[PDB]
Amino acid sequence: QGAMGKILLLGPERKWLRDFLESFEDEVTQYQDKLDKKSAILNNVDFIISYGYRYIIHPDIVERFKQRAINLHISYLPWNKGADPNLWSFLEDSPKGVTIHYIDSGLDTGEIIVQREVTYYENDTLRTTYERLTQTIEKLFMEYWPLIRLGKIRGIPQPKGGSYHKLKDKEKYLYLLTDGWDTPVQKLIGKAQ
């Protein structure tokens, strides 16, 4: 390792993250749409970072980039795989936090690289807890990227257990979110048992 590389960032454009990665002398490209395994976007790519990427990455891409593709997920895996992890962490009163993991063929099931718990406070809202998770996982990424960049954390099998949600699962609970993002979380804790 140590050779200048090419990093593909999947998800929304984040100039701060592009700049951070380029300060290590790597070249960066960004993409937010679906990827066929033949896409030229993948040519000559050394490492993939997905952060808010909206699509399932095809298994042939996963295999081609074994141990070279990571995802930033704002849950404490194995809890709250999938959608709306912050909300579900309150509805199901689960552990809360953020996780950097290797991408495998399933959704948010790959090997864990590092995680961090994130606590909440009596008067937090979904907005304030979401923002804290976002800041925490961006911090955790930058804290550990100098090591990850050089293959120094091989990851561990994702513990068996936890939970998984699809985007539609929250519909029967939306009536609790009377103030949208500014709903106090206290109103939500345990409401899905």
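Numbering starts at 1 and follows the sequence shown.
The PDB entry records a higher mean C-alpha B factor for 143 to 151 than for its counterpart among 124 to 132 and 143 to 151.
Just going by the entry, 102 to 110 versus 80 to 88 on mean CA temperature factor gives the higher value to 102 to 110. The deposited CA B-factor of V28 belongs to the middle third of values across its chain.
Per the deposited record, the Cα B-factor of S39 falls in the highest third when ranked against the other modelled residues of its chain. When the modelled residues of the chain are ordered by C-alpha B-factor, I49 sits in the lowest third.
Remark: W181 belongs to the middle third of its chain, ranked by C-alpha B-factor as recorded.
Annotation for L167: C-alpha temperature factor in the highest third relative to the rest of the modelled chain, per the entry.
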